[PDB]
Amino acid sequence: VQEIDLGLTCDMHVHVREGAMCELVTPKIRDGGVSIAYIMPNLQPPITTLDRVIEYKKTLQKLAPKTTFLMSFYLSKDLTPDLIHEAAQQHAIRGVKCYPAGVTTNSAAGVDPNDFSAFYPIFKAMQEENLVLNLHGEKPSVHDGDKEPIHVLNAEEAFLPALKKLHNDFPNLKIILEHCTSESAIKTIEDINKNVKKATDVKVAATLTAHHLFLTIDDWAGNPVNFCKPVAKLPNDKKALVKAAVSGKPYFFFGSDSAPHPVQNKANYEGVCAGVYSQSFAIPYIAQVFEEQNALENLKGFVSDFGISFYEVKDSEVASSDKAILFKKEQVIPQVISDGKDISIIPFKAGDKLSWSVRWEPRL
């Protein structure tokens, strides 16, 4: 069977929750073919204190000794530049994640992106310490008022001005538009990186999920299992995301936004939790897309090289030197992912066949 050495794969947008759910999903990072994971902070309550981010990381390390964990804070008014400096100097975080209030899971304690001025001391501190600003790039929805309507389909586009202003005001701060879903955002990212020759010059980048390379509005209209934020959009939006994923440009790399929810939290007549679970087969899912696009030679950049460069991950910190090897053995995605206890999860593309599997081969 054909094999591809992906090296030290990284997934820069991971949700692993807490408690039993965290015990179930955290080992799946390695099983899905991911060596390095950027852990998002939207817990109940959000991670805003040094003590809880340190304890949280250790909990993950206990659950997966071979997975490299990059941690983050949740952008909040509780944060202070002093806390940022202290946490950065103790190597306890690599970035801060911004949730606008109301747009997704555990975003109620989030920010109004019609401001982002109140957090400039925070960004100033983050810029000094080389920390990354991760953005959930969606404006809260507005329907009345002569300003024009913001809904789930244009909320990402409506956010692009805020991104451009932040990059302008903090030109040396590393910023990521997480999980791009629209062609407009892909273009905005390319235009921001127009004068860029070295991958190491990228200051604004974007992550792409597995599921936004497959899904359009039709797949989640009627299927909460496929509902997530930002929602999958129109067929042209999908096309633009795939071209970027296979483009080889250093400002687009893999972030799954694997967002596990127990099935009973998706099977609601009301208040369906947003979020798609892709961790268990993260890298194989991406392989399908690069295969169908005849672009397997670019797979390594999208899932390894560009994320390592952008986050400046050194062999000094990786918890295991094992390389993820993709081998072309068909498998079937199970119907559920379960701990054999209270938790059952419906995986992305449940019941479908993947061309590729993934294994771990030692180095040297």
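When you see a residue number, it is the position in the sequence shown, counting from 1. Think of the rigid core as the biggest set of C-alphas that the two forms share within 1.5 Å after superposition.
In terms of root mean square C-alpha deviation after superposing on the rigid core in 6 other deposited structures of this protein, the stretch standing farther out between 120 to 128 and 142 to 150 is 142 to 150. Fitting each structure in 6 other deposited structures of this protein onto the rigid core and averaging C-alpha distances over structures and residues, 195 to 203 emerges as the more displaced of 260 to 268 and 195 to 203. Taking only CA atoms, the mean B-factor in the PDB entry is higher for 46 to 54 than for the other of 28 to 36 and 46 to 54. Looking at mean Cα B-factors across 191 to 199 and 209 to 217, the upper value is held by 191 to 199.
When the C-alpha B-factors of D257, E156, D237, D146 are read from the PDB record, the largest value belongs to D146. In this structure the maximum Cα B-factor among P230, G222, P262, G110 is found at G110. Annotation for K139: CA B-factor lies in the middle third of the chain's modelled residues.
Remark: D11 belongs to the lowest third of its chain, ranked by C-alpha B-factor as recorded. The entry lists a Cα temperature factor for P81 that places it in the highest third of the chain's modelled residues. When the modelled residues of the chain are ordered by C-alpha B-factor, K124 sits in the highest third. Per the deposited record, the Cα B-factor of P284 falls in the lowest third when ranked against the other modelled residues of its chain.
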